[PDB]
Structures are given as structure tokens and as C-alpha cells.
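In: my complex, first installment, coordinates as in the assembly:
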Amino acid sequence: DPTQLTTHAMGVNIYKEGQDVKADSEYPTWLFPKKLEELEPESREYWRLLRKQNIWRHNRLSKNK
Amino acid sequence: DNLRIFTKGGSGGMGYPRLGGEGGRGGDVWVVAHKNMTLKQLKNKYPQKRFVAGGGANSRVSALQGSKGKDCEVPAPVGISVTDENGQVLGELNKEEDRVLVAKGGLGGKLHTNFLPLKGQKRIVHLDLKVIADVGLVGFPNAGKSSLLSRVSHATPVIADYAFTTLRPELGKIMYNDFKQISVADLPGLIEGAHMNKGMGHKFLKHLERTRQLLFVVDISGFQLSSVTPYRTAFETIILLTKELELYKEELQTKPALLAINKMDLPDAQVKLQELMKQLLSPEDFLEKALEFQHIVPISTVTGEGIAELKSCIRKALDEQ
Amino acid sequence: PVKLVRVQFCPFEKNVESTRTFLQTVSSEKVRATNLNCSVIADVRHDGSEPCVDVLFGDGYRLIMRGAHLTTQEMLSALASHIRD
Amino acid sequence: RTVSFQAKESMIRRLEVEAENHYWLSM
């Protein structure tokens, strides 16, 4: 759609008040699953995914019953 | 009362080469009319619904012909309509001594012809006694039909507070001083249209087809029922009721029917009852031909007022046809 | 079916954990709604006072026991028998 | 059908005597 890729955008509220109200500067510049191999044991996200795999490992056995 | 049954025809016995001859035709399934009580037995007793027939004996030395197989039979209620899995009506055992070749036994295996053996046919057959009530109750959700059935009989009907409730119709026989029993069944409130089987659908609407006559409850509160935003008047509801009934089946509209006004207790309902008197009969501000049977009586189920009056009218129409 | 339930204990003294666990089980809002007649109350102090629990009924029966030598299961089971009356 | 205690003991005795026969026949 020509409008959405312009200033008109689905992201900005399309409310009756908003009505599609763009540039990188206008939005957080800093902001501009995963692979356990990259993750490090201690790192909270590692355990998260590893436990996801452990839970999936439990789900692997659990699903079969 | 709309159960289903699977069957399997017996297989054809394989022939004995070098002049042994034909094989016996496989056993075939013949549903046999018996005492009407058998329906309870069929659905509950012998729960396994597969009726299979013995295959014909294979041709033996000395050119013995096949035993012709062992047939299988299904006792069924009198008046049952035999229909295919697809819903096509194979036949109906309306009268006694009415056997039907529901399934075909395997063609007898003949070595001289092209096919040495041949396997028996097996199929799913619906055998159903959709409620043949003397009259049936058709209304939109929250109409009050269950409440109406509650007081005429002692059936403890499920009261549908919300739509899509009381899915299974509840059969109630109405006793009279003349010792005549009239069976009335209340189905759940139906949606507008339903020709596409939306929501509840017209699957249960086959039950009405069996019923000789139709009973129409007309909730006065239903008049201008906001719902999502249809805001249907009772006048509109009847027009929709007539239209939707015609779409499902033309004959249903022609079938004898009666009208039952409901929820007249409220004083505003009485004012609406005068509006109900206005709507139909004489032309109003319409918003195809439609049918008005005029067998309409004003009653209120909650107050139990005028219930006795309606009873008489129903019996008169029944005794007439 | 309980008019009021009172639990009393002294925190820093390391004598009874069962009383707290019974308080913890009582803390569970699940039963608190079932026995809506009673408003749960928890209080603590510093004195050398053995932990105690007091249950009050409308009929006037008061059930009081101390956790020093009572395990949470017993009181609970004792409560269930008393509630039946 | 199990084998008695008499039967198993007596054979082992005969085996031991025959075991010695092996040794004395080696020199």
C-alpha cells in the first residue's frame, strides 16, 4: 500500500484521533528464540532456552506417555 | 433416535478349478420389520453396530455348489426410514413384513467367469426414528417453549436462559380428560436463516419434518430483541420464521401449524398484544406470500394464565387432521 | 462456617515453623472465601511467648493450641474435626 | 525334576579322583 510505507503507517495508532498520525530518528535509535550454542551457561537467557529444551525434553518424553 | 449402523456383506467363496463350479453368493444384510420396541434394543443392546453376514462356502470336490452364504438381519422399529450414510433415503419399513436389501452380499465366486472370488459390499447406513410427534414446537431462542412444555406436562424441561440451549428436543405427552395423549417435543431456539446450517443448523430441523403439525411460540419480549443488532419485532420474527421454514422445506410451510403467544403477563406486553393483534391479519407497514394459520391464543407461561384455553384448540386441530 | 480465626506467633525466635506454615496455608485465599464468615488476622510480637492459635465460633466454642509441639497437619486435622461439630 | 544332594556330591568326588589321574599321567 502506498500510504503505509510513507508517513502514514500501520504502527502509529490509526484511531479516529490518531488516523495514522517514518524516520529512524523519530523512534529509539538504540533499538535499531535464540541458539543455545551462542548463549553462555550462567547467562539467564541460556538457562531459559536450555530449560525450554529441558522442558521440551520433558515434553518429548511427556508427549509420548 | 437418529442412530447409525454399519454392515458388511458376506464374501463369495472361491471356486474349485476344473469344473468345480460356482461359489456361494456371500451373505446379505436384510433389515427385517418386527415389534416396534426393537429400537431401544438395537441402539443399546448388542452395542456393536456392525452387522456382518457369513460368506458363501467355497466350492468343494465333486463340484458341490456353494452354500449361498449366511444372511444377516436387523430388527427395526415399525415406521423407520432407512437412509444411506450420505442421507439418501433407501427405504422405510413403514409396515410390518417389510424387509429391505440394505447391503449386498459378495457376488458368488465363479472360476469359469472372469472373477474367481468377489468381496462383499460394506457400507454405513443411517437407521433413524426422528421424533414422530403429533405436533412440534418451533421458536426462536428465549421464546419460552420449554416453560410452556414444563406446565402442560411434568417433564422437567431444561429452561434455555441463553441461546443455543436445550439442543436435544424433549418429548412430552399431554394428558386430557378424554384419555387422549398428545406428544409434544420442544427443540432449541433456532437462528435466522439456517439454510447454510449456521450455528444450531437445520440438522435437528428434520425432527420437525416428522411431526404432523407445528407449534409456534411467540415471545412478546422477543419483539424488538436488540441481540447484536437485529432488533427483530415479533412481526419480523414470524416473517423470518415463515421464510426460513420455506427455504428448508416447502412442505413444512404447508403443514398444519398453530400459534402460541407468550409473555403477555406484563402490562406493556398486553399493549404489545394489541400490537400483536395488529401485526398480521390486516396489512401493516411491511419492511413471500407467507401463511397465517390464525390458531393463535394469548397466554403467558410464567403466570400460567390461559394455558388451559390453548390446550383445547390444539386438540381440535389434531382431531380434525 | 467459622466466625473468626486468630493466629499469633513471634517471628525472630526460632522455635516453631509449623505455626507459620499453618498460617501460610490459612493465608491461601482459596479457603478464605469458602469460609467467608471469618476475617483472617495475623499478628506478631517480640516477647518470649510460645506461638499460639485461637479459633472463635459463633456458638462460643474457642479452640486454642500452640505450635511448639503441634505439627501443622495435626491442628489442621484437629480443625476439620472441630468444624464438623 | 531336580538332582539330589547325594547325586551331585558323589560325582564331584569322582571328578576330583579323575583330576588327580590327569596329573599323575603327565610325568
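Out: Nice, I can see it. Numbering: from 1, shown residues only, chains lettered A, B, ... in the order given.
In: so what's the residue count around residue 30?
Out: I went with chain A, as the question did not name one. The tally of other residues near residue A:30 (other C-beta atoms under 10 Å in any protein chain shown) stands at 5. C-beta coordinates here come from the backbone N, C-alpha and C atoms, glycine included.
In: should've been chain C
Out: There are 8 residues near residue C:30, going by other C-beta under 10 Å.
In: kindly export the one helix or strand it maps to (C-alpha atoms) in PDB.
Out: According to DSSP states H and E, residue C:30 maps onto helix C:29-34. Taking C-alpha atoms only, helix C:29-34 is exported to PDB below (Å, rounded to 0.1, in the frame of the first residue of the first chain):
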ATOM      1  CA  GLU C  29      -7.300 -17.100  49.700                       C
ATOM      2  CA  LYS C  30      -8.900 -20.300  48.400                       C
ATOM      3  CA  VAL C  31     -10.400 -21.400  51.700                       C
ATOM      4  CA  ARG C  32     -10.600 -17.800  53.000                       C
ATOM      5  CA  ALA C  33     -13.500 -17.300  50.500                       C
ATOM      6  CA  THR C  34     -15.100 -20.700  51.300                       C
END
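In: ok, then the element right after it?
Out: strand C:41-44.
In: give the contact list for the residue nearest the centre of chain A.
Out: Centroid-nearest residue in chain A, with C-alpha atoms, centre = their mean: residue A:33, separated by 8.3 Å. Residue A:33 is in contact with A:49, A:52, counting by C-beta atoms under 8 Å, 6 or more residues apart in numbering or on different chains.
In: quick check: buried residues in the one helix or strand residue C:79 maps to?
Out: For residue C:79, the enclosing helix or strand under DSSP H and E is helix C:72-84. Applying a neighbour-count criterion of 16 or more other C-beta atoms under 10 Å in any protein chain shown, the buried positions in helix C:72-84 are C:72, C:75, C:79.
In: ok, residues contacting it?
Out: So helix C:72-84 is in contact with C:1-2, C:18-19, C:21-22, C:25, C:53, C:55, C:61, C:63, C:65, C:67, going by C-beta under 8 Å, 6+ apart.
In: try 7 Å
Out: With contacts defined as C-beta atoms under 7 Å, 6 or more residues apart in numbering or on different chains, helix C:72-84 is touched by C:1, C:2, C:18, C:21, C:22, C:25, C:53, C:55, C:63, C:65.
In: here's chain E, drop it onto the model above:
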Amino acid sequence: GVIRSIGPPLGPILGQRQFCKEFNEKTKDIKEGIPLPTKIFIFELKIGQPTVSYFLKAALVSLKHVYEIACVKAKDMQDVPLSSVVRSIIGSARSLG
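Out: If we add chain E to the chains shown above, we get the following:
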């Protein structure tokens, strides 16, 4: 017992003890076409940021184009880390559509 999902007939329990007009009124306060998480709790009433499902469809979406709606998420997933909700919509974003 919120009816969370991306009046009288919908809310009959309320009669026993408004959202119909508030729904269409809020339908103006929301986009006509984008789904919304109906925070119609069970009985306080509230509603906030819309959902990412149709957002991608009508747009697919650039990083600038998505961070702007992240602020809409920030406007009311009440978790403080706004970066996290971005991943949330992102997680749904890949799965959805």
C-alpha cells in the same frame, strides 16, 4: 475471567450482577480492521494497545514502522521494559501471518 481475545447478549451476567456502545465508540478509538486485546475483565472495563496481527498484513513492516507501535504498547503487556514488548510483538510477528 477476562474475555481477552486478539452488549447485553454478550454480557448477560452484567444484567444479573454499555460495552456495546463503548465497543463501537472504542472501535473509533481503535483502528477499524486491526484486532484488539479485549481487556473486558470479569467486572472492571478497560482496553489499550491493538494487536500486531493485522498490523503486518496492512503494511512487510520495517524497523521504524514497528517501533512506533511499540510506543502504543508502551502507552498501556504492562511490563516496564519496553524493549521486551517489542520482542513480544516480534515473537508473534514471525509466527503470525
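In: try the contacts of helix C:72-84 again now we have chain E.
Out: By C-beta under 7 Å, 6+ apart, helix C:72-84 touches C:1, C:2, C:18, C:21, C:22, C:25, C:53, C:55, C:63, C:65.
In: give me the buried subset of those.
Out: C:2, C:18, C:21, C:22, C:53, C:55, C:63, C:65.
In: state the distance from residue A:24 to chain B.
Out: Distance, residue A:24 to chain B, by C-beta to the nearest C-beta, to the nearest Å: 44 Å.
In: residues in contact with that residue?
Out: Counting by C-beta under 7 Å, 6+ apart, residue A:24 has contacts A:32, E:64.
In: for it, give me phi and psi.
Out: phi -60, psi -40 (degrees, to the nearest 10).
In: any idea how far it is from residue A:6?
Out: 15 Å (C-beta to C-beta, to the nearest Å).
In: again with residue A:46
Out: Per C-beta to C-beta, residue A:46 is found 42 Å from residue A:6.
In: the more surrounded of these two?
Out: residue A:46 (16 against 10).
In: pretty sure that one sits against residue A:40.
Out: Yes. Look at residue A:46 against residue A:40 with C-beta atoms under 7 Å: they come within range, at 5.6 Å.
In: next, count neighbours for the residue in chain D that chain A sits nearest to.
Out: Among the residues of chain D, residue D:2 lies nearest to chain A; the distance is 44.9 Å by C-beta to the nearest C-beta. By the criterion of other C-beta under 10 Å, residue D:2 has 6 neighbours.
In: what's it sitting at in phi/psi?
Out: According to degrees, to the nearest 10, residue D:2 has phi -90, psi 170.
In: likewise the one 5 residues further on?
Out: Geometry field for residue D:7 lists phi and psi as phi -70, psi -40, criterion degrees, to the nearest 10.
In: hmm, back to that, most widely separated two among the buried ones among the contacts of helix C:72-84?
Out: The span of these, defined through C-beta to C-beta, is set by C:2 and C:18 at 19.8 Å.
In: in chain D, which residue is closest to the centre?
Out: Chain D has residue D:15 as the residue nearest its centroid, 1.6 Å off, counting by C-alpha atoms, centre = their mean.
In: thinking again about what came up before, next one: the helix holding residue C:79 to chain centre, how far?
Out: Centroid displacement of helix C:72-84 relative to its chain, using C-alpha atoms, centre = their mean, to the nearest Å, is 10 Å.
In: which one of the residues in the stretch 201-321 of chain B is closest to chain A?
Out: The minimum distance from the stretch 201-321 of chain B to chain A, using C-beta to the nearest C-beta, falls at residue B:229 (20.3 Å).
In: okay, chain F goes in next:
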Amino acid sequence: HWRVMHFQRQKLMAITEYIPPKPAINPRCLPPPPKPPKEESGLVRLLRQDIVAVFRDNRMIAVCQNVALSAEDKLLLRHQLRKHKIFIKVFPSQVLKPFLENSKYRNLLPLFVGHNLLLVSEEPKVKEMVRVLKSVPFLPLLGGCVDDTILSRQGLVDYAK
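Out: Chain F goes in next, on the same frame as the chains above:
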């Protein structure tokens, strides 16, 4: 099917049966073998650091019993506490104990009792902390330390004034 074996052959099998060696003392009854060396999972190492980090950052550590409230309902209380910039901490105290054994705080072990939530902040809003406790009636307070001073609930309430 089994085929019977000549007696003599059966006698041979009876005498050639395997005999296992028997120990003088069952290993179980004997003193337990020296414990196999245990290892510390990375989470525990990080967990240990987390407990050290919260103590270093937060001057006041108070102890309020846990209730295992629903996560979303817990977030409701947490949201109220977050509005007051007071944080909640929960830890597998099994690793907490080593620190308390040898640390500036050594008399708080009795206060810590299993399922007990922790209170941590940078400001001693003790009066508001009691006020936030009044939000949930049953929710009790066991004690702890405020501004590096160990005290019980009654002292904390007097300290609140």
C-alpha cells in the same frame, strides 16, 4: 517343546552351575564411600552473585513472609510496590544461607524461614512499607534489617515513627 535330558546329562548341568562370589560385609552397611566431588552449576554461581549484588546495592533488607500469590495478582502488588520504587526479591535460600553464615548479617537466619519474600530498596520508606503491607491484611512481616540495623516487626513499627 522341551525334550527330556538323560539323567547323567542333567547331573552334569547341576554340578556346573555358576557360583557367584559372596562379600564378607554388604557394601551398604559399611561406612559410605567418600562423596563424589560435586560441581556448582553456572546458575548457582550467578545466583550467588545475585544475592551478593542485592545486598551490596540495597542498604535495607526486610523479611516478609511469602504467600505464593498468583503471578498476575503478585504483579498487582508488585506494580503497587514498583510505583513506590520498592522491589521484591525471591531466592533459593539454600544458597542464601552460606552468605548469612559468614557476612555482616548473621542473626537474620531465624527471620529467613523457607517461603519468605524479601524486601529491597534504596530508601528507608519503612512507614510506606507498613502501609503497603496493610494493603493485604493477612500478609504479615517477620522482621529483617533496615538501614543496616537488624530489628523485629515491633521495633520496625516503632522505627517507622
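In: can you check the contacts of residue A:33 again with chain F included?
Out: Contact analysis of residue A:33 by C-beta under 7 Å, 6+ apart lists residue A:49.
In: mind telling me what element it is part of?
Out: Using DSSP H and E, no helix or strand contains residue A:33.
In: okay, and the closest residue to chain C within the stretch 1-150 of chain B sits in which element?
Out: Proximity of the stretch 1-150 of chain B to chain C (C-beta to the nearest C-beta) peaks at residue B:142, 32.5 Å away. Assigned by DSSP H and E, residue B:142 belongs to no helix or strand.
In: give me phi/psi at it?
Out: phi 70, psi 20.
In: so what's residue F:109 up against?
Out: F:97, F:100.
In: can we see that at 6 Å?
Out: residue F:100 (C-beta atoms under 6 Å, 6 or more residues apart in numbering or on different chains).
In: just say helix, strand or coil for residue B:272.
Out: Using DSSP: H, G, I helix; E, B strand; the rest coil, the secondary structure recorded for residue B:272 is helix.
In: so it makes contact with residue B:220?
Out: Yes. If you go by C-beta atoms under 6 Å, residue B:272 and residue B:220 touch, sitting 5.1 Å apart.
In: what does the longest helix along chain F contact?
Out: Criterion DSSP state H: the longest helix present in chain F is helix F:42-57. Helix F:42-57 is contacted from outside by A:41, A:42, A:47, F:89, F:91, F:95, F:96, F:99, F:120, using C-beta under 6 Å, 6+ apart.
In: now swap in stretch C:5-18 and tell me
Out: With C-beta under 6 Å, 6+ apart as the test, stretch C:5-18 has contacts from C:19, C:23, C:38, C:40-45, C:49, C:51-55, C:67-68, C:71-72, F:110-111, F:113, F:142-143, F:152.
In: just the buried subset of these, please.
Out: The buried subset of those (16+ other C-beta under 10 Å) comprises C:19, C:23, C:38, C:40, C:42, C:44, C:51-53, C:55, C:67, C:72, F:111, F:113, F:142-143, F:152.
In: the residue in chain F that chain A sits nearest to: neighbour count?
Out: Closest to chain A within chain F is residue F:42: 3.5 Å, counting by C-beta to the nearest C-beta. Other residues lying near residue F:42 total 14 when counted by other C-beta under 10 Å.
In: same question for residue E:28.
Out: 11.
In: and for the one 10 residues further on?
Out: Residue crowding around residue E:38 was assessed by other C-beta under 10 Å; the count is 17.
In: okay then, goodbye and thanks.
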